[PDB]
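Please read the structure below before turning to the comments.
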Amino acid sequence: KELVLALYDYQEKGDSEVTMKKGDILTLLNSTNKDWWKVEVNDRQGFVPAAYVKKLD
């Protein structure tokens, strides 16, 4: 934890980004930036758009 829900699909478009599918449950690594959050998807980690993931309570 903490976990986030992928609200939308996101295809990585750079070396520090990562790909995710709508509905995936990702471990949130870092949400300090307003635009890009660091998440783990299984064996991959990297940044996705903050608008596209929802913090789970």
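All Cβ positions, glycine included, derive from the backbone under ideal geometry; neighbour counts span all protein chains shown. Throughout, read-outs are computed from the coordinates displayed, never taken from laboratory work.
Quick look at the numbers
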{"read-out": "Relative contact order %, the chain, counting alpha carbon pairs below 8 Å whose residues are six or more apart", "value": "38 percent"}
{"read-out": "Low-density loop cleavage sites - trypsin sites (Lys or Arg not before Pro) in the chain, where at most 15 other Cβ are within 10 Å (DSSP)", "value": "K1, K13, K21, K22, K34"}
{"read-out": "Linear extension gain, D43 paired with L56, 0.36 nm per residue minus alpha-carbon span", "value": "2.6 nm"}
{"read-out": "Using θ = phi - 60° and Karplus 6.51 cos²θ - 1.76 cosθ + 1.60, couplings along segment 48-57 (whole Hz; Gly, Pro as x)", "value": "10, x, 4, 5, 9, 9, 10, 5, 8, 7"}
